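Each remark here refers to the structure printed beneath this line.
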Amino acid sequence: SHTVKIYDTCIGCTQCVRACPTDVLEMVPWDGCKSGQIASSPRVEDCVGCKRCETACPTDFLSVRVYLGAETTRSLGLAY
Amino acid sequence: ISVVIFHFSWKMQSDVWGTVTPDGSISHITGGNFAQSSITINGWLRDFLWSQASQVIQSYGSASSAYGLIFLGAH
Amino acid sequence: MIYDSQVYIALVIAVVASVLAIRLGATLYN
Amino acid sequence: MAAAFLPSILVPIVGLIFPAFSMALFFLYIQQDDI
Amino acid sequence: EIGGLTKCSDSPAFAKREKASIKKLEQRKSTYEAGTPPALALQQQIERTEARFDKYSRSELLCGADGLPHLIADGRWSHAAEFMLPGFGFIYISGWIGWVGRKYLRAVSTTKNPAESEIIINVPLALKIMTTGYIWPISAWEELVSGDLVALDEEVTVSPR
Amino acid sequence: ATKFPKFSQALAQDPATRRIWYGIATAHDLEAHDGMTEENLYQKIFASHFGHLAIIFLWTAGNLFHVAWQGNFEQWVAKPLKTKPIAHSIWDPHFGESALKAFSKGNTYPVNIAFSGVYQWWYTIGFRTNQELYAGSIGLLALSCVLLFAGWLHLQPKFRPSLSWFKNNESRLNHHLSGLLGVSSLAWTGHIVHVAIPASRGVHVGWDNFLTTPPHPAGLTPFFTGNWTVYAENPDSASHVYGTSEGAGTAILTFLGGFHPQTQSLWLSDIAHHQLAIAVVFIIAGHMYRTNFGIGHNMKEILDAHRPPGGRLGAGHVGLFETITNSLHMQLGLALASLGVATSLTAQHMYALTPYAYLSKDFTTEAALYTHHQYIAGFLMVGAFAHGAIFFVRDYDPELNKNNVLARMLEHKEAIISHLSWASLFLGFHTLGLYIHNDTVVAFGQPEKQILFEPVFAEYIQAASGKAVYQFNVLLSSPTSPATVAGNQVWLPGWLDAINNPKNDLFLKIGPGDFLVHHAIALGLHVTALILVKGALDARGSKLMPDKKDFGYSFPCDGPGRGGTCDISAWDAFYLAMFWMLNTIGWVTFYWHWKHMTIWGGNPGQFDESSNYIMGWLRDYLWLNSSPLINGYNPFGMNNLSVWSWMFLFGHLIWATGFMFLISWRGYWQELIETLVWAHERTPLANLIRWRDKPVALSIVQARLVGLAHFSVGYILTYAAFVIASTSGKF
Amino acid sequence: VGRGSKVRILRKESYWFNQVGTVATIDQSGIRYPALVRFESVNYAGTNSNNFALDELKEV
Amino acid sequence: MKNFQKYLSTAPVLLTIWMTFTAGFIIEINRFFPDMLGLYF
Amino acid sequence: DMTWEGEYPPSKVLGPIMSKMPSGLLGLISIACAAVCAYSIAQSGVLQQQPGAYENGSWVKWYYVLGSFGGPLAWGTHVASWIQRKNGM
Ligand code: CLA
Ligand code: CLA
Ligand code: CLA
Ligand code: CLA
Ligand SMILES: CC1=C(/C=C/C(C)=C/C=C/C(C)=C/C=C/C=C(C)/C=C/C=C(C)/C=C/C2=C(C)CCCC2(C)C)C(C)(C)CCC1
Ligand code: SF4
Ligand code: SF4
């Protein structure tokens, strides 16, 4: 599986969750930013590695980072 | 398209274009070498590209020298 | 002038070197 | 050449039989689900 | 005669090139009659070829065995016209272009939208700044001393190391 | 891990064909393997160093075996100027009848003609018979048996060396300067004094008689009495017939200088005195470092103390000892950097100071040997900067290296890269600008308008070593200078005869064509350095990727975000510098070959006029010398150049196939394979068969590598086919 | 720092490290990065503002 | 007219005017002082 | 250990022998090594040009080779003399 990490510079803008095509990311309640929410990656088993969440992230050098790792059938995006 | 215009340029020079004497003897430009040389890649390299680029590389100091310059400039 | 037996001696020393290479290769693999 | 028959034996072994043997063994080894 | 060369006024291979290049032009002119525009064009080329070869003869150029002029650029002032005197002329012009391009950039850097004044040039400001470049070695030394030329290291962005 | 690769659990569970590909290309990255400890890592490297040493000696035993069995060494030592050296015989069932006679021209059986120069080197070191070459191939065959046993032995649990033995820097340098370098040079002086210099003097000294035949008539008593001038008393004459006793001297250690007049090669008594003086210097140099006996330097103490008190280097070299000792990538990168210089120096000095008898008269071997070692030196230099870039990602500690000379390179990396960017752009703007200027004025019929800078600085260096043709009259071309007076008593009469002979390669006559190509070589060196230095200095991070060290040395990209990040990894700057390396070694070997093919051809003025513009390189070098090559076969038959003409087109095809992996990228091919997977699952009678690894396209980094390997192999094979068939076809 | 002040960034992974921005707002709630700083030059993503802690800002 | 003068002051229009001016005098100097291989005359 | 600060290294970077030697003794040794090296180079120069004393390398004398290596010893002892003087001997 690929590795997706959330760093505490997240402002809770939810744009990474909206960009994710395989539902890796979700918003959980937080208190470290004024939006009251942080992104989280519980379902990294479905991460294809597209880095659409990294493109969506507005914080200067992104709060989401995708670290490409061990490839599975789901990580490689194979329909066969 | 490159192979199409190279097929055209070699087949016309070898088998069509050339001179006719009043004897009726046909003298082609590259001498009818398309039938035996164009069946290998070595013949295309030697009898077409190496042989017919003599005019573009010996153009310097002539009026065709702009073709020698554009030959290098496009390379 | 190399003789027939001199070629055969070199092939026997080479096939022993093939055994020692497999032994080095199996030990490196472990 | 001294033993002039030896290329007629060893070149088909090194060129055909040993690559058939070694490509088959590596193919078997990469498909093993154990070690 | 510095590096085993010869002066072009004293080398026969330079004289042979002048004879051969005029003879090639005269053979083409012989195929036209006298008053034609091809013959009048080829007569001008002969005079320009003749003026070029006589200019190179009387002008300190060293020729090799090939009869072509070689330039010496080790620093000696006996061959200053080959590299160092055109070199001072380049450095003065290229230093001018660089100085007024830098001067126009810092001038419009304090306006409201500095990027629009770089795709749409303020021409009276640019033309005013461009004529100030003739004393660019004086103003580059003045900006070097006063600190306006070199930025401090705390003001310049860098990457992680 | 079960299911190969055993060393990587991540690739072991890959369901696709990516597992087998990546298992091969990561098999020797031992530091990245699962469960790797540092002590196990050094012991695997030590044992695989024994395997690599055995492969070298098996390869050398094979060269000696095939020349002794299938070659014509004994006919070559009889007539060295008329015989073609045989590499090995050909047994190919695909050969036609006319190919069999085309390759067996002067022989009975079809052969390859050797261009490696092993005949000229084995003859120089004393080999005369086929039986002596066979006994050498047997001894190297048994030496590589011992090296294969030692690699097995030093992996057994009682013989595995500890990690402290591998970190003992002071004892390794002491032995490797003394024993590996100095003692072997002393022993090689023992060979050429006892064996090689009698064989050039017409005397056979082999294992049967070397204990009872002294190499000098005075016989080792002038060595122990200090009367060392006895070994330089009478050298070989100027009319010594080489390999015979006629005209032959007895001196074993001279300083003659220049060449033996018949072989146009170095004097063997000069090589013996060279190797003996090299031996003493290195034996002394292996007494520097502190081993078990109290005397000697500690290398951590030298580096910690070398900080200039002016502070221009900040903390100095503190931290550099623990940096190098714990980084095998920094050690490997230093080793490849010196080997790349040593291989360039090998090529530049072997053509110019000919070491082997009749090597300079073999024109194809001299072209093959220069091109070989310059391409080897290019690969070593790229690998030195590649492993220097792996060091910064994997091994560099920013806190141990705090403000020393290593950390301060990263501190001013923008100044280094932008000034390499300046010098690369300055060289390329003006070298290409001057070539295009000279192309344009020669095309318009005015070659007298050419900008031809005379290379007076390098002509001054030749005149400083005694070249008289530039009439500079400076140091050794001036008989009044103290460098000329002090020196005329020793080597200089031999050297001044050699340097002022215009029919060897010692300081070739240079002109304006040599000016422009050296500035093209300097351009190629500076750009290739620029990609590699930016690859190492930006390996840990840039503005586009500040966390780049977290992702490693090799990774595809960071995605299309932030503008796009294709080829941002430090691996990708290796990949881009490989094209610039091959281009640079291309410009070097093109220049060496064309300058030599006009000197050997008897028209050196063709290079002097036509190398000033690019059309001269295309017309008078590439197009002109292609003619024997591309006629290796034709519709009217073939000759023994037919293998090089096939390889010439074979090289063009692999180069162009590399362009496919270089231009087309992955998402095109993964979509194309998905329809192929569909077609197989829907085709009856092929539905009986299925893959066990899912077919996928090659990854992003993999086809960069695959396209580079095709590009490089097609680069090498095309020029090797051209540099050999043009020299063999002309001469 | 206060709002409207010119600050210099000390983050070292920011695009605008050692560059000058202007403080727009400073949150008082106790969040991790309370000061929103606006810049005149865009970064590689085209963003021209970012949140910073107070120790990452230096008064110009 | 103000907007047309602003169009003439855009970057590619001013580059095309300045480069044809620059190519202008370089061509004209080479007409009247041709074959300047060094500052020799 | 051997790291140092300021304008001069401590005495211990000279090894266990010259760290205890006075700066004036190391200074005079340095002139003695420089004069022996300059004499050895000059006398090997006049042995090279003497027409009966240069053949087969007879200009090479063992005491002039050993004397000429006072050159790098004169460099080091004058550097060591400076370090002891800055350290107050
Ligand atoms: C022939 C002259 C010679 C002499 C006088 C020496 C002297 C020395 N060697 Mg060296 N050695 C030599 C040749 C020589 N070596 C050669 C040709 C090599 C291969 C390059 C070496 C490899 C070597 C290594 C790897 C090391 C030394 C070290 C030493 C030092 C040990 C200090 C001590 O008191 O040790 C105690 C005594 C002993 C260890 C007994 C052996 C001493 C003898 C002199 C060495 C053997 C030399 C030679 C092979 C034998 C023939 C000479 C003679 C007896 C006939 C000492 C200065 C050590 C050192 O600390 O260097 C800084 C060290 O680590 N030597
Ligand atoms: C004197 C005793 C001795 C000797 C002969 C050796 C020899 C060797 N050891 Mg070493 N080793 C020793 C003691 C010794 N060791 C000790 C005491 C230690 C522990 C401290 C080690 C620890 C050690 C390790 C960990 C390893 C070795 C390895 C090696 C091998 C090096 C690779 C090779 O074969 O190239 C030999 C090359 C040559 C003979 C030619 C040198 C070519 C260079 C390029 C010459 C260039 C320099 C030139 C003269 C001057 C520069 C030119 C200039 C003009 C630019 C070599 C067999 C390696 C190995 O392969 O093990 C299997 C290895 O991994 N050793
Ligand atoms: C003695 C020198 C030396 C040593 C010990 C190493 C060792 C290493 N290198 Mg380094 N390197 C070197 C020289 C060396 N290299 C050189 C000369 C270069 C420039 C080419 C490099 C450039 C380089 C890069 C870019 C990388 C390494 C990496 C590595 C590490 C793993 C490599 C691997 O997995 O191997 C197995 C490799 C393969 C199985 C690939 C084989 C491809 C070959 C070349 C194709 C052969 C051509 C073809 C078959 C010919 C066809 C003929 C035609 C007619 C059909 C390993 C530590 C990697 C690393 O990550 O380090 C940590 C890495 O990314 N090296
Ligand atoms: C022939 C093909 C070719 C050419 C010309 C270039 C040219 C360049 N490469 Mg590229 N490169 C190439 C193939 C080529 N490359 C390939 C196949 C690869 C592998 C993908 C690369 C990968 C690569 C990398 C990784 C890098 C380069 C860099 C460079 C630049 C080097 C600096 C320089 O020499 O400035 C001279 C400029 C040129 C040679 C091109 C412009 C020439 C102009 C049009 C003509 C000049 C004549 C005259 C002076 C103009 C005045 C007229 C008027 C305006 C007054 C240069 C632009 C490097 C760089 O950017 O360094 C700063 C760099 O890092 N290249
Ligand atoms: C990145 C990196 C790296 C790498 C690096 C490299 C790769 C380098 C290279 C480099 C090089 C490759 C160098 C070279 C140089 C050389 C030199 C420096 C030389 C010099 C010489 C001289 C000085 C000489 C002189 C002389 C003469 C000329 C004449 C005769 C006499 C004499 C000898 C005196 C490393 C690993 C570290 C790590 C980190 C990172
Ligand atoms: S896009 Fe970035 S800042 Fe917004 S919620 Fe996702 S991780 Fe947080
Ligand atoms: S890499 Fe792709 S799949 Fe993974 S979290 Fe980001 S957007 Fe979702």
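Letters for chains follow the order of the structure tokens (A, B, ...), residue numbers begin at 1 for each chain, and ligand numbers begin at 1 in the order shown.
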* To do: Please run DSSP on the backbone and report, as number ranges by chain, all residues within chain E that come out as strand (DSSP E).
  => E: 6-7, 62-63, 69-70
Item to complete: For ligand 1, collect every residue having any atom at a distance of at most 8 Å from a ligand atom (counting only C-alpha atoms and all ligand atoms); output as a VMD selection string.
Response: chain F and resid 171 to 172 174 to 179 182 to 183 282 to 284 286 to 297
- Give me, as a PyMOL selection string, the contact residues of chain B against chain F at a cut-off of 6 Å, counting only C-alpha atoms. chain B and resi 57+60-61+65
Once you have the residues from the selection above, write them out as a compact mmCIF listing (two decimals), in the first residue's frame, restricted to N, CA and C atoms.
# COMPACT_ATOMS: atom_id res chain seq x y z
N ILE B 57 26.06 17.78 -49.04
CA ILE B 57 27.26 17.99 -48.24
C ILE B 57 28.42 18.58 -49.04
N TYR B 60 28.95 23.47 -50.42
CA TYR B 60 29.61 24.67 -49.90
C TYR B 60 30.43 25.36 -50.98
N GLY B 61 30.23 26.66 -51.12
CA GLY B 61 30.87 27.43 -52.16
C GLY B 61 30.11 27.46 -53.47
N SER B 65 24.55 26.06 -51.57
CA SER B 65 25.17 26.04 -50.25
C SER B 65 24.19 26.35 -49.13
| said: Taking only C-alpha atoms and all ligand atoms into account, list the residues no farther than 12 Å from ligand 7, as number ranges by chain. | reply: A: 1-6, 15-26, 39-57, 62-69, 74-77; F: 558-561
| message | Residues of chain F were defined as contacting chain A if any atom lay at most 9 Å from it, counting only C-alpha atoms; please report them as a ChimeraX atom specification. | response | /F:9-11,13-16,18,544-547,550-551,555,558-562,674,677-678,694,696
Contact residues (chain F, partner chain C, 9 Å, only C-alpha atoms) as a PyMOL selection string
chain F and resi 44+47-48+51+54+58+65+68-69+129-131+134+137-138+141-142+144-146+148-153+155-156
Restricting the output to C-alpha atoms, write the selected residues as a tab-separated table (two decimals), in the first residue's frame.
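To be explicit, this is the file written out as out_38.tsv:
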chain	number	residue	atom	x	y	z
F	44	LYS	CA	28.43	-9.65	1.79
F	47	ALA	CA	32.61	-11.90	-0.41
F	48	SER	CA	31.14	-10.46	-3.59
F	51	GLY	CA	33.60	-13.07	-6.85
F	54	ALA	CA	37.57	-14.16	-9.85
F	58	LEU	CA	38.71	-15.87	-15.51
F	65	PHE	CA	43.64	-19.44	-23.60
F	68	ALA	CA	47.29	-19.71	-27.25
F	69	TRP	CA	44.84	-22.20	-28.79
F	129	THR	CA	55.49	-19.03	-27.39
F	130	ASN	CA	52.00	-20.49	-27.20
F	131	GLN	CA	53.01	-22.78	-24.33
F	134	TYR	CA	48.84	-21.45	-21.92
F	137	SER	CA	45.99	-19.05	-18.51
F	138	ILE	CA	46.20	-22.06	-16.20
F	141	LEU	CA	42.43	-20.18	-13.78
F	142	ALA	CA	43.70	-21.52	-10.45
F	144	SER	CA	40.40	-17.46	-9.55
F	145	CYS	CA	39.64	-20.82	-7.94
F	146	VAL	CA	41.41	-19.54	-4.82
F	148	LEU	CA	36.26	-18.18	-5.18
F	149	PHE	CA	37.25	-20.29	-2.19
F	150	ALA	CA	38.22	-17.19	-0.18
F	151	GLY	CA	34.83	-15.60	-0.77
F	152	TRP	CA	33.21	-18.80	0.47
F	153	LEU	CA	35.66	-19.03	3.37
F	155	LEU	CA	31.46	-16.03	4.89
F	156	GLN	CA	31.88	-18.98	7.26
Picked from chain D by DSSP as helix (DSSP H, G or I), as an MDAnalysis selection string: chainID D and resid 6:30
What do you get as an mmCIF file with C-alpha atoms, in the first residue's frame if you pick all residues at most 7 Å from ligand 3, counting only C-alpha atoms and all ligand atoms?
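And here's out.cif as it stands now:
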data_model
loop_
_atom_site.group_PDB
_atom_site.id
_atom_site.type_symbol
_atom_site.label_atom_id
_atom_site.label_comp_id
_atom_site.auth_asym_id
_atom_site.auth_seq_id
_atom_site.Cartn_x
_atom_site.Cartn_y
_atom_site.Cartn_z
ATOM 1 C CA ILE F 24 16.600 -7.897 -10.601
ATOM 2 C CA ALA F 25 17.505 -4.198 -10.520
ATOM 3 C CA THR F 26 17.591 -4.005 -6.703
ATOM 4 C CA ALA F 27 19.500 -7.241 -6.092
ATOM 5 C CA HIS F 28 22.818 -5.513 -5.424
ATOM 6 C CA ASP F 29 21.449 -2.579 -3.395
ATOM 7 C CA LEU F 30 22.288 -4.531 -0.271
ATOM 8 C CA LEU F 332 32.707 4.420 -3.636
ATOM 9 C CA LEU F 336 35.127 6.016 -9.014
ATOM 10 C CA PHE F 379 31.060 5.796 -17.107
ATOM 11 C CA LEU F 380 33.263 5.956 -14.000
ATOM 12 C CA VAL F 382 29.142 9.590 -13.961
ATOM 13 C CA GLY F 383 29.057 6.842 -11.342
ATOM 14 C CA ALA F 384 31.254 8.856 -9.001
ATOM 15 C CA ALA F 386 25.869 9.281 -8.853
ATOM 16 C CA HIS F 387 27.177 7.681 -5.678
ATOM 17 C CA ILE F 390 23.293 8.700 -3.096
ATOM 18 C CA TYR F 553 17.435 8.668 -4.374
ATOM 19 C CA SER F 554 15.174 7.261 -7.099
ATOM 20 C CA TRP F 571 18.490 9.565 -10.043
ATOM 21 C CA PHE F 574 22.216 10.809 -13.423
ATOM 22 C CA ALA F 709 20.433 1.378 -21.663
ATOM 23 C CA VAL F 713 24.315 0.280 -26.058
#
Selection as a list in words: residues within 7 Å of ligand 4 by only C-alpha atoms and all ligand atoms: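 What falls inside 7 Å of ligand 4 is residues 421, 422, 424, 425, 426, 427, 428, 429, 430, 432, 433, 523, 527, 530, 531, 573, 576, 577, 579 and 580 of chain F.
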Write to file, as a PDB file, in the first residue's frame, the residues of the selection just made, with N, CA, C and O atoms.
ATOM      1  N   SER F 421      26.225  27.059 -14.520  1.00  0.00           N
ATOM      2  CA  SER F 421      25.277  27.425 -15.562  1.00  0.00           C
ATOM      3  C   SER F 421      25.823  28.541 -16.436  1.00  0.00           C
ATOM      4  O   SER F 421      25.577  28.554 -17.643  1.00  0.00           O
ATOM      5  N   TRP F 422      26.565  29.482 -15.848  1.00  0.00           N
ATOM      6  CA  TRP F 422      27.165  30.548 -16.640  1.00  0.00           C
ATOM      7  C   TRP F 422      28.241  30.007 -17.569  1.00  0.00           C
ATOM      8  O   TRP F 422      28.260  30.334 -18.759  1.00  0.00           O
ATOM      9  N   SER F 424      28.807  26.968 -18.624  1.00  0.00           N
ATOM     10  CA  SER F 424      28.232  26.108 -19.649  1.00  0.00           C
ATOM     11  C   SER F 424      27.597  26.930 -20.756  1.00  0.00           C
ATOM     12  O   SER F 424      27.752  26.612 -21.937  1.00  0.00           O
ATOM     13  N   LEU F 425      26.882  27.992 -20.389  1.00  0.00           N
ATOM     14  CA  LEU F 425      26.220  28.810 -21.391  1.00  0.00           C
ATOM     15  C   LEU F 425      27.221  29.641 -22.178  1.00  0.00           C
ATOM     16  O   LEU F 425      27.050  29.825 -23.384  1.00  0.00           O
ATOM     17  N   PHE F 426      28.284  30.121 -21.525  1.00  0.00           N
ATOM     18  CA  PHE F 426      29.310  30.890 -22.226  1.00  0.00           C
ATOM     19  C   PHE F 426      30.046  30.035 -23.242  1.00  0.00           C
ATOM     20  O   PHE F 426      30.315  30.489 -24.360  1.00  0.00           O
ATOM     21  N   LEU F 427      30.418  28.818 -22.849  1.00  0.00           N
ATOM     22  CA  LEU F 427      31.102  27.914 -23.760  1.00  0.00           C
ATOM     23  C   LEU F 427      30.209  27.531 -24.923  1.00  0.00           C
ATOM     24  O   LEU F 427      30.646  27.547 -26.071  1.00  0.00           O
ATOM     25  N   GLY F 428      28.946  27.229 -24.651  1.00  0.00           N
ATOM     26  CA  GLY F 428      28.066  26.799 -25.714  1.00  0.00           C
ATOM     27  C   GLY F 428      27.638  27.910 -26.644  1.00  0.00           C
ATOM     28  O   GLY F 428      27.420  27.665 -27.828  1.00  0.00           O
ATOM     29  N   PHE F 429      27.481  29.129 -26.127  1.00  0.00           N
ATOM     30  CA  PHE F 429      27.097  30.243 -26.988  1.00  0.00           C
ATOM     31  C   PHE F 429      28.205  30.588 -27.965  1.00  0.00           C
ATOM     32  O   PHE F 429      27.937  30.912 -29.124  1.00  0.00           O
ATOM     33  N   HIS F 430      29.449  30.521 -27.522  1.00  0.00           N
ATOM     34  CA  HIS F 430      30.542  30.965 -28.363  1.00  0.00           C
ATOM     35  C   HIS F 430      31.198  29.846 -29.158  1.00  0.00           C
ATOM     36  O   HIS F 430      31.620  30.100 -30.282  1.00  0.00           O
ATOM     37  N   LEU F 432      29.598  27.033 -30.311  1.00  0.00           N
ATOM     38  CA  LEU F 432      28.633  26.805 -31.377  1.00  0.00           C
ATOM     39  C   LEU F 432      28.499  28.026 -32.273  1.00  0.00           C
ATOM     40  O   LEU F 432      28.344  27.881 -33.486  1.00  0.00           O
ATOM     41  N   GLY F 433      28.601  29.227 -31.704  1.00  0.00           N
ATOM     42  CA  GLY F 433      28.550  30.430 -32.514  1.00  0.00           C
ATOM     43  C   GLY F 433      29.730  30.566 -33.457  1.00  0.00           C
ATOM     44  O   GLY F 433      29.572  31.010 -34.595  1.00  0.00           O
ATOM     45  N   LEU F 523      32.945  22.483 -22.949  1.00  0.00           N
ATOM     46  CA  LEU F 523      31.502  22.629 -22.839  1.00  0.00           C
ATOM     47  C   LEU F 523      30.863  21.341 -22.351  1.00  0.00           C
ATOM     48  O   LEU F 523      30.092  21.348 -21.388  1.00  0.00           O
ATOM     49  N   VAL F 527      28.834  20.994 -18.764  1.00  0.00           N
ATOM     50  CA  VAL F 527      27.410  20.683 -18.671  1.00  0.00           C
ATOM     51  C   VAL F 527      27.197  19.356 -17.960  1.00  0.00           C
ATOM     52  O   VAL F 527      26.313  19.244 -17.109  1.00  0.00           O
ATOM     53  N   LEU F 530      27.564  19.978 -14.510  1.00  0.00           N
ATOM     54  CA  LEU F 530      26.461  20.792 -14.004  1.00  0.00           C
ATOM     55  C   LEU F 530      25.241  19.948 -13.658  1.00  0.00           C
ATOM     56  O   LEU F 530      24.617  20.169 -12.620  1.00  0.00           O
ATOM     57  N   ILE F 531      24.905  18.969 -14.498  1.00  0.00           N
ATOM     58  CA  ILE F 531      23.782  18.080 -14.215  1.00  0.00           C
ATOM     59  C   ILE F 531      24.085  17.214 -13.005  1.00  0.00           C
ATOM     60  O   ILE F 531      23.219  16.970 -12.159  1.00  0.00           O
ATOM     61  N   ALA F 573      18.875  13.031 -12.548  1.00  0.00           N
ATOM     62  CA  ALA F 573      19.974  13.847 -13.028  1.00  0.00           C
ATOM     63  C   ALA F 573      21.168  12.999 -13.432  1.00  0.00           C
ATOM     64  O   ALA F 573      21.961  13.431 -14.266  1.00  0.00           O
ATOM     65  N   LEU F 576      19.952  12.134 -16.975  1.00  0.00           N
ATOM     66  CA  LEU F 576      20.166  13.194 -17.947  1.00  0.00           C
ATOM     67  C   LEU F 576      21.640  13.443 -18.217  1.00  0.00           C
ATOM     68  O   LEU F 576      21.990  13.928 -19.295  1.00  0.00           O
ATOM     69  N   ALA F 577      22.511  13.142 -17.261  1.00  0.00           N
ATOM     70  CA  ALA F 577      23.933  13.355 -17.470  1.00  0.00           C
ATOM     71  C   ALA F 577      24.574  12.228 -18.251  1.00  0.00           C
ATOM     72  O   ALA F 577      25.688  12.394 -18.747  1.00  0.00           O
ATOM     73  N   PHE F 579      23.320  11.103 -21.084  1.00  0.00           N
ATOM     74  CA  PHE F 579      23.284  11.598 -22.455  1.00  0.00           C
ATOM     75  C   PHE F 579      24.378  12.619 -22.690  1.00  0.00           C
ATOM     76  O   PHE F 579      24.965  12.672 -23.771  1.00  0.00           O
ATOM     77  N   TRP F 580      24.669  13.431 -21.686  1.00  0.00           N
ATOM     78  CA  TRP F 580      25.718  14.415 -21.829  1.00  0.00           C
ATOM     79  C   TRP F 580      27.100  13.806 -21.702  1.00  0.00           C
ATOM     80  O   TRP F 580      28.050  14.348 -22.267  1.00  0.00           O
TER      81      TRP F 580
END
Restricting to only C-alpha atoms, whichever of A:35, A:30, A:10, A:59 is closest to chain G is A:59
Near chain C, which residues of chain D fall within 10 Å when you count only C-alpha atoms, and what do they look like as an MDAnalysis selection string?
chainID D and resid 1:4 6
- prompt: Near chain F, which residues of chain D fall within 6 Å when you count only C-alpha atoms, and what do they look like as a list in words?
  reply: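 Close enough to count are residues 1, 30, 32, 33, 34 and 35 of chain D.
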To check your reading of the model: which residues sit at most 6 Å from ligand 5 when counting only C-alpha atoms and all ligand atoms? Write the answer as an MDAnalysis selection string. chainID F and resid 330 333:334 337 384:385 388:389 536
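Of note, CA of residue 272 in chain F and CA of residue 186 in chain F are spaced 9.1 Å apart.
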inquiry  = With only C-alpha atoms as the counted atoms, please give the residues lying no more than 10 Å from range 80-87 of chain I, apart from itself and same-chain residues fewer than 4 positions off, as a VMD selection string.
reply    = chain I and resid 7 to 14 18 to 30 74 to 76
Residues within 12 Å of range 93-100 of chain E, please, as an MDAnalysis selection string. Count only C-alpha atoms; anything in the same chain fewer than 3 positions from it doesn't count.
chainID E and resid 86:90 103:107 125:141 143 149
- Item | Long-range neighbours of residue 14 in chain H as a list in words, 12 Å cut-off, only C-alpha atoms, 2 positions minimum in chain |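 Final neighbour list, sorted by chain and number: residues 118, 119, 120, 121, 122, 123, 126 and 127 of chain E; 5, 6, 7, 8, 9, 10, 11, 12, 16, 17, 18, 19, 20, 21 and 22 of chain H.
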